[PDB]
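First the structure, in the form of structure tokens, and then the observations on it.
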Amino acid sequence: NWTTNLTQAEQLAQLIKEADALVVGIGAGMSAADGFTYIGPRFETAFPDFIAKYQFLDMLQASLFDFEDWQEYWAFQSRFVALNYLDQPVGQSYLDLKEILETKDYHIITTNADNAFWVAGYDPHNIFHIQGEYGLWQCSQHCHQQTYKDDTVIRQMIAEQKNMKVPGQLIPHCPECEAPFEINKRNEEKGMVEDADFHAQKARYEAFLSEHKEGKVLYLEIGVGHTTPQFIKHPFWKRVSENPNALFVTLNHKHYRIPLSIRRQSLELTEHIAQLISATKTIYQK
Ligand SMILES: Nc1ncnc2c1ncn2[C@@H]1O[C@H](COP(=O)(O)OP(=O)(O)OC[C@H]2O[C@@H](O)[C@H](O)[C@@H]2O)[C@@H](O)[C@H]1O
Ligand SMILES: [Zn+2]
């Protein structure tokens with residue numbers, strides 16, 4: 003029953023059913039599993055200019071690169087936003103997970119910044135985008151705590167750029183301090199602009215955690231790696247340690263070693279996320 011000869015999907019379906027509540031942590035693996043990849047042909051097709059000039063290995067690296075000027079920054083990012091936010095289609099695993107979660111008390115924290123939850127029709131009140139969203143902008147000097155958006159300008163930038171540069175007059179500027187806008191993204195050194203909406207999401211997430219300090223709480227970690235373990239992986243480990251009745255279930259095709267404190271409360275499921283979620287949904291629905 004509630005315990006870490012069944013298939014991975016059978017084991018997952020049963021735990022979800024049995025859980026009092028689910029705390030679901032989603033990282034880049036879930037998007038990669040639906041084909042929203044950041045290395046290979048998807049990246050090569052979309053950015054052959056930038057790859058030819060900078061020898062970028064992957065789209066994450068390129069999205070973090072300190073470009074020479076804001077004209078180049080916005081040429082790259084406008085296209086990046088269109089690929090992963092304006093025009094990214096619905097992923098089947100986001101739809102399959104949503105159906106499973108419909109019958110459960112749950113909350114989601116995600117380090118992903120793509121459109122995946124929105125095109126899959128999730129209630130925004132149930133999701134905490136701790137790393138911001140590609141569709142949003144912030145003052146590059148973080149001069150005040152407000153995010154902005156303007157998809158029309160993004161499309162202008164895609165249309166008007168040439169030679170990896172947006173025309174200067176199209177670069178958007180913070181109305182308070184006139185610094186250029188940048189993507190709402192968390193820097194290690196400078197942090198992230200966290201506006202009223204961000205704090206509302208955080209408070210909802212913290213509320214849910216406060217309500218589920220006890221009981222059969224399933225901490226379900228999907229496609230979370232080592233890139234930024236401080237947001238999901240490590241906090242989950244700690245929650246599971248602090249509640250002896252919690253379980254830690256990680257959906258990941260690579261092995262990340264689990265702390266000694268929670269070895270007996272942990273389960274690693276290595277099946278390809280898309281396949282696993284699909285098979286789990288099928289079982290869970292019978
Ligand atoms: N099909 C799959 N099935 C199962 N696991 C998978 C699959 N595809 C990828 N994974 C796993 O998903 C994980 C992705 O890890 P990272 O690339 O570290 O992604 P993430 O944990 O989300 O960290 C990314 C960090 O950088 C920022 O872009 C982002 O905002 C976040 O803070 C890896 O452990 C990988 O093994
Ligand atoms: Zn400003």
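Taken in order, the sequence shown gives residues 3 to 6, 11 to 292; the numbers are from the entry's author numbering.
Idealized CB from N, CA, C, for every residue including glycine.
- Message: Nearest by alpha-carbon distance to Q167: which of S247, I264, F82 is it?
- Response: Selection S247, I264, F82 evaluated against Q167 yields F82 as nearest (Cα-Cα).
- Query: If you pair each beta-carbon of the region 176 to 191 with each one of the region 205 to 213, do three or more pairs fall below 8 Å?
  - Reply: Judged by Cβ distances under 8 Å, the region 176 to 191 makes no contact with the region 205 to 213, as fewer than three pairs qualify.
- Task: Kindly examine ligand 1 and report whether one of its heavy atoms sits closer than 6 Å to the Cβ of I279.
- Result: Yes, ligand 1 has a heavy atom inside 6 Å of this Cβ.
- Start-end ranges of the alpha helix (DSSP H) lying completely within the region 74 to 158, minimum 4 residues: Those alpha helix (DSSP H) runs which fall completely within the region 74 to 158 and span 4+ residues are 76 to 87, 98 to 107, 122 to 125.
- Task: Determine the closest residue to residue 1 out of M170, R192, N193, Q162, with distance taken between C-alpha atoms.
- Result: Lying outside 3 to 292, the shown extent of the chain, residue 1 is not represented and no answer is given.
- Task: Taking only heavy atoms of ligand 1 into account, decide whether any of them is closer than 6 Å to the Cβ of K260.
- Result: Flag set: Cβ of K260 near ligand 1.
- Query: Does the separation of the CB atoms of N118 and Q94 fall below 7 Å?
  - Reply: 7 Å or more divides the Cβ of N118 from the Cβ of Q94.
- Item | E248 - containing alpha helix (DSSP H), residue span | Start and end: 239 to 248.
- Going by C-alpha distance, which of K110, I115, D201, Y140 is nearest residue 9? Since the model of the chain passes from 6 to 11 in one step, residue 9 is not part of what is shown.
- Query: Taking the C-alpha atoms as reference points, what is the distance between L226 and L101?
  - Reply: If you draw a straight line from the Cα of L226 to the Cα of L101, it comes to about 17 Å.
- Message: Does the distance between the C-beta of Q151 and the nearest non-hydrogen atom of ligand 2 fall short of 6 Å?
- Response: Answer for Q151: no, Cβ out of range of ligand 2.
- Message: Less than 6 Å separating the Cβ of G197 from some heavy atom of ligand 1?
- Response: Checking every heavy atom of ligand 1 against the Cβ of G197, none is found closer than 6 Å.
- Item | Segments of 3+ residues assigned as beta strand (DSSP E) that fall wholly inside the region 211 to 240 | Every beta strand (DSSP E) stretch that sits fully inside the region 211 to 240 and reaches 3 residues is listed by chain position as 223 to 228.
- Query: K171 to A126, Cα distance in whole Å?
  - Reply: Cα-Cα distance, rounded: 33 Å.
- Task: Identify every residue that forms a DSSP beta bridge with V30.
- Result: Beta-bridge analysis with DSSP links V30 to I114, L226.
- Message: Between the alpha carbons of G229 and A280, how many angstroms are there, rounded?
- Response: So the two alpha carbons sit approximately 11 Å from each other.
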